[PDB]
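Below you will find one chain, with nothing else, as structure tokens; this is the form deposited in one PDB entry, and questions on how it binds or moves follow later.
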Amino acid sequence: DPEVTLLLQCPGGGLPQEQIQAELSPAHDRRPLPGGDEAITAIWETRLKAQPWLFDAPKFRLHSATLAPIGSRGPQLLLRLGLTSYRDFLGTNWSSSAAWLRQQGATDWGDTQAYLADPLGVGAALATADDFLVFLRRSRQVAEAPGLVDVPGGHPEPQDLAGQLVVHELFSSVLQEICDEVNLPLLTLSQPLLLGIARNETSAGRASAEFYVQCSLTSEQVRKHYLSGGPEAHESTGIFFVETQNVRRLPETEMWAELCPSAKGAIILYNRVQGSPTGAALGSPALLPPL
């Protein structure tokens, strides 16, 4: 799967909020472009003169993520984060010249991402009470991954001593994206666990944090809540469910070619971190069938 690379696989079946530290620093920002950020401004002007109802928004930038030695006490993950924007994304990662910026970054800074906005996404492996994962169909009329299958998520917007507020906004935002798009009550959702971080190589390497969230509703109740919002209550054009039993072999199915890269990330990390049992009981042949 060339379109997705794993940057981080979390231990212990996934990390809760209380085990993560963030360092939010201007040292973690995008570097100014070699010929100046005028190139970004020019692409933005062109875009607004065709779609003048568009608006900029701030975004978190992922610089890097360092895991503690496995089995250790105390904080287990440090997220190094800067600030970017939708405007910077359109002028770098989404640009036709994104590959040239990656090569220049290797040359100038020894870092393929040095000149890229790299806004941090969030996604969820959302499981039902009757043991299905939730999938959404994208419109065939949007610019990114039209007509492809996605999981719930988005790109959160800003507002250890400012760090803990940043980790809280990241975990909060995955729940908020589930409530906005699936139309679920917040009280049917578990506190999220961070499974890992996945890179979209089709979008010049921008990263998404992938979370596990459990819902107390069955698949039939989740469907009712989704549909009862009506066409204007969601961006997606349909919802569907795959048994967790069948998610194990999803990369061998015809569905795999229809999944956008970030949803592939979420499924690979669910299979490695929540699936793949380590103990004698769940690892027994009757409960973990060979092949």
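Residue positions are given as counts along the sequence shown, with the first one as 1.
As for the form solved in complex with a small molecule, it is not shown, yet the points below apply to it.
*Heavy atom within 4.5 Å of the small molecule in the deposited complex - the one residue of 255, 227, 42, 57 that qualifies*: In short, 57.
*Please pick, from 112, 221, 214, 85, the one residue with any non-hydrogen atom lying within 4.5 angstroms of the small molecule in the deposited complex.*
Contact with the small molecule in the deposited complex is made by 85 alone.
*One stretch from 76 to 84, 160 to 168, 185 to 193, 97 to 105 that, in the deposited complex, holds residues within 4.5 Å of the small molecule by heavy atom*: That would be 76 to 84.
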